[PDB]
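As structure tokens, one chain now follows by itself in the form deposited in one PDB entry.
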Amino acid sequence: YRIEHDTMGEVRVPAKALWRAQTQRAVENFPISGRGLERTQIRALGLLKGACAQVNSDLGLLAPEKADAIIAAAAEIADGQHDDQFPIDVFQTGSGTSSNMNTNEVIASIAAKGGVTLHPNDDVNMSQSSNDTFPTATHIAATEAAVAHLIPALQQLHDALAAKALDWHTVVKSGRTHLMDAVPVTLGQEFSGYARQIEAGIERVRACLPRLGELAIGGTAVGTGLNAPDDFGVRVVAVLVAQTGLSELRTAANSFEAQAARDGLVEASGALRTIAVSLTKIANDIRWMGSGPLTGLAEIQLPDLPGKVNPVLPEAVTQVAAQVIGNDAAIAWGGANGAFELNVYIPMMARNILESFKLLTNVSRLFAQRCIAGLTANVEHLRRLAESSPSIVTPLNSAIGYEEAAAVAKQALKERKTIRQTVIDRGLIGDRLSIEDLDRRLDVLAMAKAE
């Protein structure tokens, strides 16, 4: 071990570690979850520290040699070379200051190897505060997870569901309302519904981006921008947009709102919770569709991970959905409980919203590729049940009367025959209606209003 110090005194630190005294104190203060920042969060802190040093350099506030060493070290952090040098618990000081110091200290150590002396706070934290940096890194990570990862994953799941809507356009089957047999639909129409739920999910994510992409950087300790250049925020955002290509990143509309609250994470988590609600309905219908092979609905077969496969992907999707709903409740709880100039629930809110992004992204692509794409429909079976359902007797009423339509439905169900065969077996053809009229009235695909 080695001796390091801070404004509170002296601290023993692992002789080898890139982090310094403040990080070590936080390792000792917060042994709670045993989990630290995720790859996406460390990448965002690296991007931000690089962009700050670039702007400080551009404003002649920081020596070029120091800015260059920060930019190079921060690039190594953003690329993933130093993940082991972020040991601090998620459950740390609410502003995320410990993690901010962790980035500063690691950057200084990297620079030192390369012969450059950086002061973690006077150089690596120049023009910044703990209060504006950690939420900025959080909103970069959440915006990147929304734009670069979740939206493309939902688009892949949308396309797989729309492809089934088209493939199954004429696959007529029983409708089901209240779980009870209803007038006909097609599997295609039901999948067009699932596709619309996912398309609307993408619209929900896009609608939250004008506020999710807002960054606190430049507001310093309390939102006033004291101890930063007046244009720090607009300059740093311009660097982050050019480096990431995320045009959704923007300076906060109000510098006080951006630090006193995290309402943009609450808003975004509501979009994710809505997707989790949509995915629950889609996955539940699909596993019920596959149920059997004998005693269930046996409408479709899920691909094996023939008719006896456990619906394991639907199970993963509905478990992810449960986790997103829980995470959402934790996010709203932290969101509400800010005071005055700072919301001090940022590390916990960050853990939860980034996890929700990751789970939905990963499960959506698996569901699309390994469940949706390989579903096969029991087409003739579905049509035979639709043609045999008491639900389709209604259009006979005007030809044969209510009482006889009811007797047809009862006999068809008891004898396990089609409506068409029962109407013939009861001797109703000629008297009340012709074969041509019967085939028009009982055409189940026409009844589903599909072609």
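Under this definition, the rigid core comprises the largest set of C-alpha atoms superposing within 1.5 Å between the forms. Just count from 1 along the sequence shown to find any residue number.
Novice: For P306, does the count of other compared entries lacking it reach at least a third?
Specialist: Yes; at least one third of the other entries leave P306 out.
Novice: Between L305 and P306, count the deposited residues left without coordinates and pick a bin: none, 1 to 3, 4 to 9, 10 or more.
Specialist: Unresolved stretch here: 4 to 9 residues.
Novice: I need to verify one thing: averaged over C-alpha atoms only, is the B-factor higher for 372-380 or for 277-285?
Specialist: That would be 372-380.
Novice: Decide which of the stretches 5-13 and 433-441 has the higher mean C-alpha B-factor, going by the entry.
Specialist: Comparing 433-441 with 5-13, the higher mean C-alpha B-factor belongs to 5-13.
Novice: Taking the values straight from the PDB record, which of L61, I42, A407, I419 has the highest C-alpha temperature factor?
Specialist: Highest C-alpha B-factor among the listed residues goes to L61.
Novice: Specify which of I32, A412, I400, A386 carries the largest Cα B factor in the deposited PDB entry.
Specialist: Answer, based on the entry's C-alpha B-factors: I400.
Novice: Comparing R206 with the other modelled residues of its chain, is its CA B-factor in the lowest, middle or highest third?
Specialist: Its C-alpha B-factor, which the entry lists for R206, ranks in the middle third among residues of this chain.
Novice: For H178, return the chain-relative third of its C-alpha B-factor as stated in the PDB record: lowest, middle or highest.
Specialist: Answer is lowest: the recorded C-alpha B-factor places it there.
Novice: Of the three thirds of its chain by CA temperature factor, lowest, middle or highest, which one includes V363?
Specialist: Its C-alpha B-factor belongs to the lowest third of this chain's values.
Novice: When the deposited Cα B-factors of this chain's modelled residues are ordered and cut into thirds, is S109 in the lowest, the middle or the highest one?
Specialist: Highest third of the chain for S109's C-alpha B-factor.
Novice: Is the Cα B-factor recorded for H119 in the lowest, middle or highest third of its chain?
Specialist: Ranked within chain, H119 CA B lands in the highest tercile.
In what follows, reference is made to the form deposited in another entry, a form of this protein that is not presented.
Novice: Go through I70, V55, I419, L47 and flag the only one whose CA is off by 2 Å or more between this form and the one not shown, rigid core held fixed.
Specialist: That would be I419.
Novice: After fitting the rigid core, is the C-alpha of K410 off by 2 Å or more between this form and the one not shown?
Specialist: For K410, whose C-alpha is compared between this form and the one not shown after core superposition, the shift is 2 Å or more.
Novice: Cα of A21 displaced 2 Å or more between this form and the one not shown, core superposed?
Specialist: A21: C-alpha displaced by less than 2 Å between this form and the one not shown.
Novice: Tell me, please, whether between this form and the one not shown the C-alpha of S33 is shifted by 2 Å or more, with the rigid core used for superposition.
Specialist: For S33, whose C-alpha is compared between this form and the one not shown after core superposition, the shift is less than 2 Å.
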